[PDB]
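In the entry's author numbering, the protein residues as written are 49 to 85, 93 to 432. Just so it is clear, CB atoms sit at the ideal spot from N, CA and C, and this is done for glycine as well. First comes the structure, then the notes that go with it.
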Ligand SMILES: OC[C@H]1O[C@H](OC[C@H]2O[C@H](O[C@]3(CO)O[C@H](CO)[C@@H](O)[C@@H]3O)[C@H](O)[C@@H](O)[C@@H]2O)[C@H](O)[C@@H](O)[C@H]1O
Ligand SMILES: [Cl-]
Ligand SMILES: [Cl-]
Ligand SMILES: [Mg+2]
Ligand SMILES: [Mg+2]
Ligand SMILES: [Mg+2]
Ligand SMILES: [Mg+2]
Ligand SMILES: [Mg+2]
Ligand SMILES: [Mg+2]
Ligand SMILES: [Mg+2]
């Protein structure tokens with residue numbers, strides 16, 4: 049009989065993981081799973104046995120420091136979407152190509168863009184199956200909502216991380232990931248690469264016609280209750296909206312950053328990486344649970360509950376709301392999040408909140424650059 053500590057990062061999926069653990073326990077009487085919904096928590100001697108983490112810079116730093124088990128050879132890997140596996144490997148924060156190993160399993164994918172209310176689209180005569188293809192059309196849509204008496208955009212600025220979503224959506228098209236290597240070597244600057252994304256994010260939030268400084272929970276509640284045409288968050292937010300209102304008719308769309316309709320890109324990443332503490336005392340039992348979670352049945356059950364994208368080679372989309380972005384995935388017109396290249400020590404969320412509210416692009420760009428420069432030094 050062993051007790052596993054399961055650190056589960058994702059607020060929106062707390063019940064799903066609680067129930068999955070309980071199901072596993074019923075079938076495996078020799079294993080109890082204690083869920084806790093960060094370096095201190097991840098000291099070797101107390102590292103959780105099973106872990107979910109967002110696939111971001113922080114994951115990559117813990118991976119490079121040896122906190123997580125090395126899954127590179129694991130028999131599970133060959134049934135997974137190679138792009139999602141490669142994203143996880145490329146997050147490892149190392150300058151040595153050979154050290155870009157696999158330190159967790161992609162469990163679920165996301166995309167960043169905007170969630171929209173199809174009934175409000177219908178109300179103003181827009182086609183909810185064919186959202187805007189260009190920046191100009193996207194802005195014209197927001198203006199159409201305002202002119203019809205509808206709040207175009209629900210902001211959630213009181214939760215700073217939410218301001219990263221539009222930046223990442225827009226940067227996906229505007230800024231190739233290769234620019235971050237040039238940024239590190241000093242061959243480009245934030246002024247050159249992020250001025251246009253931040254200007255467009257500021258423009259987007261000029262169409263937030265209600266109070267901007269509300270919380271994530273408040274914004275998703277407002278949206279669920281029909282009071283805004285769009286909420287510019289990624290797919291991870293869908294379950295939070297639908298739990299408030301089962302009946303809301305939602306779509307998810309790419310946020311078009313330019314007027315080149317043929318060269319739009321969808322920001323998409325590894326929303327959940329499932330891993331094991333490298334210094335776990337109970338690796339065999341931990342892996343039994345991980346194998347249970349990584350079965351197609353469980354992955355698809357999760358994807359349905361959470362409106363996510365499964366990590367299997369045959370991709371499954373958990374919600375018909377995701378139909379407008381299916382072509383980006385099919386054509387591989389995707390990009391990882393721009394903020395996965397930004398060290399966790401830089402307070403990008405706080406700088407973005409300030410930029411959106413104040414409009415002061417120069418201060419935002421200078422803050423990012425000066426903090427980046429010091430890290431690279
Ligand atoms: O654009 C926002 C964000 O999207 C991706 O992360 C999705 C992740 O965001 C939220 O999780 C928290 C909420 O505090 O935010 C960090 C990630 O920034 C997570 O550690 C934390 O749990 C949602 O609540 C989650 O459901 C969702 O999975 C992207 O990877 C991030 O870099 C960032 O751009
Ligand atoms: Cl594949
Ligand atoms: Cl599907
Ligand atoms: Mg423990
Ligand atoms: Mg919740
Ligand atoms: Mg490489
Ligand atoms: Mg046009
Ligand atoms: Mg009005
Ligand atoms: Mg690219
Ligand atoms: Mg106003």
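Residue 401: which of 303, 383, 428, 412 sits nearest, CA to CA?
Per the Cα distances, 428.
Out of 231, 254, 204, state which residue places its alpha-carbon closest to the alpha-carbon of residue 243.
It is 231 whose Cα lies nearest to the Cα of residue 243.
State the start and end residues of the unbroken beta strand (DSSP E) segment that holds residue 83.
Counting along the chain, the beta strand (DSSP E) containing residue 83 begins and ends at 79-84.
Could you compute how far the alpha carbon of residue 287 sits from the alpha carbon of residue 406?
For residue 287 and residue 406, the gap between their C-alpha atoms comes out near 18 angstroms.
Closer than 8 angstroms by C-beta to residue 154: which residues in its own chain qualify, once you throw out the five before and the five after it? Chain order, please.
Around residue 154: 119, 147.
Cα separation between residue 228 and residue 189?
Cα to Cα, residue 228 sits roughly 11 angstroms from residue 189.
Going along the chain, which unbroken runs of the beta strand (DSSP E) with 3 or more residues stay wholly within the stretch 240-320?
Within the stretch 240-320, the complete beta strand (DSSP E) runs of at least 3 residues are 305-308.
Whose C-alpha, out of 340, 61, 272, 344, is nearest the C-alpha of residue 49?
The residue with the shortest Cα to Cα distance from residue 49 is 340.
Do you know offhand how far residue 292's Cα is from residue 124's?
Distance from the CA of residue 292 to the CA of residue 124, rounded to the nearest whole angstrom, comes to 29 angstroms.
What's the gap between the Cα of residue 150 and the Cα of residue 141?
Pairing residue 150 with residue 141, the inter-Cα distance amounts to about 16 angstroms.
Inter-residue spacing [alpha-carbon to alpha-carbon] between residue 135 and residue 366
Using only the alpha carbons, I get a separation of about 6 angstroms.
So, at 6 angstroms on beta carbons, what are the nonlocal neighbours of residue 252 in its own chain, with the 5 sequence-adjacent residues on each side left out?
Excluding positions up to five away in sequence, the list reads 222, 225, 226, 229.
Across the stretch 198-206 and the stretch 382-401, are there enough close Cβ pairs to call them in contact, namely three or more that are closer than 8 angstroms?
Contact between the stretch 198-206 and the stretch 382-401 is absent, because fewer than three Cβ pairs lie under 8 angstroms.
Run of the alpha helix (DSSP H) containing residue 163, from where it starts to where it stops
Looking at the DSSP string, residue 163 is not in any alpha helix (DSSP H); the run it does join, the beta strand (DSSP E), is 160-164.
Please determine if the stretch 375-383 and the stretch 295-308 are in contact, where contact requires at least 3 C-beta pairs separated by less than 8 angstroms.
The way I'd put it, the stretch 375-383 does touch the stretch 295-308; three or more beta-carbon pairs between them come closer than 8 angstroms.
State the CB to CB distance for the pair residue 279 and residue 303, rounded to an integer number of angstroms; the pair is presumed to be in contact (CB under 8 angstroms).
Contact flag correct, Cβ pair sits at about 6 angstroms.
In terms of residue numbering, what span does the alpha helix (DSSP H) encompassing residue 392 cover?
That residue, residue 392, is in no alpha helix (DSSP H); it is neither H nor E in DSSP.
Burial state of residue 159, where buried means 16 or more other Cβ atoms lie within 10 Å:
So residue 159 ends up on the buried side.
Determine the closest residue to residue 103 out of 338, 384, 358, 431, with distance taken between C-alpha atoms.
Ranked by Cα distance from residue 103, the options 338, 384, 358, 431 are led by 338.
Quick one: which unbroken alpha helix (DSSP H) runs of 4-plus residues sit fully inside the stretch 170-229? Chain order, please.
173-178, 190-203, 219-229, all fully within the stretch 170-229.
Tell me the residue span of the alpha helix (DSSP H) that contains residue 63.
From DSSP, the alpha helix (DSSP H) with residue 63 extends over 62-75.
Using CA atoms only, rank isn't needed, just tell me which of 59, 210, 270, 162 is closest to residue 264.
Answer by Cα proximity: 210.
On the DSSP letters alone, give me the boundaries of the alpha helix (DSSP H) that residue 412 sits inside.
Segment 403-413, the alpha helix (DSSP H) holding residue 412.
Ligand 9 heavy atom lying under 7 angstroms from the CB of residue 308:
Residue 308 Cβ: outside cutoff for every heavy atom of ligand 9.
Start-end ranges of the alpha helix (DSSP H) lying completely within the stretch 94-140, minimum 4 residues
For the stretch 94-140, whole alpha helix (DSSP H) runs of length 4 or above, ordered along the chain, are 112-119.
Note down the Cα distance separating residue 84 from residue 330, rounded to an integer number of angstroms.
For residue 84 and residue 330, the distance between alpha carbons rounds to 15 angstroms.
May I ask you to report which of helix, strand or coil DSSP gives residue 420?
If DSSP states are grouped into helix, strand and coil, residue 420 belongs with the helices.
Is any heavy atom of ligand 8 found at a distance shorter than 7 angstroms from the C-beta of residue 201?
Under cutoff, so the answer is yes.
Quick check on the burial criterion: 16 or more other C-beta atoms within 10 angstroms. Buried or exposed for residue 256?
Buried.
Who are the near neighbours of residue 363 in its chain, counting only those whose CB is closer than 7 angstroms to its CB and skipping five residues on each side?
Apart from the 5 residues on each side of it in sequence, residue 363 sits with its Cβ closer than 7 angstroms to the Cβ of 163, 164, 165, 290, 326, 357, 373 in its chain, given in chain order.
Can you tell which of 74, 67, 71, 122 has the C-alpha that lies nearest to the C-alpha of residue 94?
Ranked by Cα distance from residue 94, the options 74, 67, 71, 122 are led by 122.
Contact belief for residue 433 with residue 283 at Cβ below 8 angstroms, rounded distance in angstroms
Here the chain has residues from 49 to 432 only, and residue 433 is not among them.
Hey, residue 52 and residue 82 are a contact pair by Cβ (cut 8 angstroms); roughly how many whole angstroms apart?
The beta-carbon separation of residue 52 and residue 82, rounded to 7 angstroms, stays under the 8 angstroms limit for a contact.
Answer yes or no: do residue 248 and residue 234 have a C-beta to C-beta separation smaller than 8 angstroms?
Contact flag set, yes.
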